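# Provided hereafter are the protein sequence and its experimental coordinates.
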Amino acid sequence: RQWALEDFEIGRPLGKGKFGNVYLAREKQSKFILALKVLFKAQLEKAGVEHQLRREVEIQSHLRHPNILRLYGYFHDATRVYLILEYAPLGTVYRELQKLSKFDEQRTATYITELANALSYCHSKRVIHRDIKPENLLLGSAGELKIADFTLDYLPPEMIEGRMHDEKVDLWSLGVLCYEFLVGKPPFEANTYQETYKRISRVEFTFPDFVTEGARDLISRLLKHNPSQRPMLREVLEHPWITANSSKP
Ligand SMILES: O=C(Nc1ccc(Nc2ccnc3[nH]c(=O)c4ccccc4c23)cc1)c1ccccc1
């Protein structure tokens, strides 16, 4: 179908990115609420990224999963690109974090679970190494998790350590996340980027004493240096800490 700025009335900003801004917006024709994301061919060029785009767009365009944010259309004009996207009313897991500083284990476990399925399907169709920082998780109207990705702490040992990664990478992220949710910050934070290198090659981290065994078990298996040792998803899903907690309607 053919899109055009004119078929959208434009709403309030929801964020300003590097190449542009995302907005709330509605399709004049169905009154369909969604998000619009605005790029400037201009800044795209000078960061020569148009290559990074046109790919991921494609990719995205294809994917369909409840937990991954949808990309509906994309259209362009004179001097910026438009990206039509699903709107996620409840915002990002990143503010949710800032706000509760920390998540309880049911919330975490459940979010993991989503991720895991997401990650799985995304894998199935042969796609990997998403950045899944918390500011690339949005929330659905149900608080249903959902993901949208298009530094650092979330890189694994085999990537910083300039070596050979696969989709186990996705298992590490998931550890970091699960750690970050529960504790509040990510397990290899550090002040300079070179402490973080270090921290990550020795996988050097520690739990606060409020963190249950269930969790430390899981987390630990995910955060292993040898890609091969870490679980796989349906294992993770099948972990007990998870099943015990994962509210799953
Ligand atoms: O630019 C892209 N991704 C993307 C991902 C998320 C958002 N922004 C939102 C979209 C929908 N709901 C949202 N809800 C929000 O609450 C929000 C808050 C801050 C920033 C963005 C959003 C946001 C905008 C763009 C993109 C590029 C290539 C492929 C796919 C997506």
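Thanks, I have the structure now. Residues are numbered from 1 along each chain as shown.

# okay, CA-based contacts and neighbour counts for the rest of this
Will do.

# number of nearby residues for residue 92?
21 (other Cα atoms under 10 Å).

# Tell me how far the nearest residue to it once chain neighbours are set aside lies from the ligand.
Spatial nearest neighbour of residue 92, chain neighbours left out: residue 138 (4.1 Å); criterion: Cα to Cα, 6 or more residues apart in numbering. As judged by Cα to the nearest ligand atom, to the nearest Å, residue 138 and the ligand stand 6 Å apart.

# Can you name the residues bridging to the closest residue to the ligand within the chain?
Closest residue of the chain to the ligand, Cα to the nearest ligand atom: residue 91 (3.1 Å). Assessed by DSSP bridges, residue 91 has beta-bridge partners residue 139.

# so it sits right up against residue 139, yeah?
Yes - Residue 91 lies in contact with residue 139 (Cα atoms under 8 Å); the separation is 5.4 Å.

# Compare these two and say which is more crowded by neighbours.
Neighbour count, other Cα under 10 Å: between residue 91 and residue 139, residue 139 has more, with 20 against 17.

# Could you report the separation of that one from residue 92?
6 Å (Cα to Cα, to the nearest Å).

# need the helices for this structure, in chain order.
41-45, 50-62, 93-100, 105-124, 157-160, 168-183, 193-201, 213-222, 233-238, 240-243 (DSSP state H).

# Contacts only, for residue 94.
134, 135, 136, 137 (Cα atoms under 8 Å, 6 or more residues apart in numbering).

# ok, now with 7 Å
By Cα atoms under 7 Å, 6 or more residues apart in numbering, the contact set of residue 94 is 134, 135.

# How much space separates it from residue 238?
Where residue 238 is concerned, residue 94 sits at a distance of 26 Å (Cα to Cα).

# repeat for residue 51
38 Å.

# try residue 55
Following Cα to Cα, the distance that separates residue 55 from residue 238 is 33 Å.

# ok, now residue 129?
According to Cα to Cα, residue 129 and residue 238 sit 22 Å apart.
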